[PDB]
Amino acid sequence: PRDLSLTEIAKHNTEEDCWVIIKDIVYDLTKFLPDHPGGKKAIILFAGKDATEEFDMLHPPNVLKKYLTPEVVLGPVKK
Ligand code: HEM
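Structure representation (C-alpha cells):
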C-alpha cells in the first residue's frame, strides 16, 4: 500500500528522508532538521523509529504545537 505502517516508516531513516514517530503520530522531520534547536543528529538518530520517550523527557508539553506546521504531520501509525 505504501501507507503509514511501521515497515514503511522504517524506510524513512536518513537525514535526506527522516520520519519519526511520537505518540503514534508520524512526523516528516526532514525539513525541520536544520531548524531543530537540539541539532540535526539528535533527530536523525531516531529516523524511522519511535522517539516518544526521549521527546517527552527532553521537551516541554507545549513544543509540538508551537514548532511544527500541518504539512509535516503525516498521520497516525497504521497497525
Ligand atoms: C518532534 C519534533 C521536535 C520539535 C518541535 C523539537 C523542538 C526542540 C526545541 C524547541 C528545543 C529547545 C528547547 C528545549 O531545550 O526543549 C529542543 C532541544 C532538544 N531537542 Fe528537540 N524537538 C523535536 C524532536 C526531537 C527528537 C526526536 C529528539 C531526539 C530525542 C530531540 C532532542 C533534543 C535535544 C537533545 C535537545 C537539547 C536539550 C537541551 O539542551 O536542553 N528533539 N527540541
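If you're matching positions, the sequence shown starts at 13 in UniProt numbering and goes up one per residue.
Heads up, the beta-carbon is just placed ideally off N, CA and C, and yes, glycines get one too.
Subject >> Presumed contact (8 Å Cβ cut-off) between residue 33 and residue 45, rounded CB distance >> reply: With 8 Å as the limit, residue 33 and residue 45 do not qualify as a contact, their Cβ atoms being about 16 Å apart.
**OP:** Report yes if the C-beta of residue 46 is less than 7 Å from at least one heavy atom of ligand 1; otherwise report no.
**Re:** Judged by the Cβ position, residue 46 fails to qualify as a neighbour of ligand 1 at the 7 Å threshold, every heavy atom of the ligand being at least this far.
Original post:
So is the beta-carbon of residue 86 under 7 Å away from any non-hydrogen atom of ligand 1?
Top reply: Not under cutoff, so the answer is no.
Original post:
For residue 55, is the beta carbon positioned less than 7 Å from some heavy atom of ligand 1?
Top reply: Checking the Cβ of residue 55 against ligand 1 gives yes.
Original post:
If residue 36 and residue 73 are in contact, beta carbons under 8 Å, what's the gap, nearest whole angstrom?
Top reply: Not a contact, Cβ separation roughly 16 Å.
Original post:
According to DSSP, what are the bridge partners of residue 50?
Top reply: Partner(s): none; residue 50 has no beta bridge.
Original post:
Nearest to residue 28 by alpha carbon, out of 43, 48, 75 and 38?
Top reply: Residue 43 is the option with its Cα nearest to residue 28.
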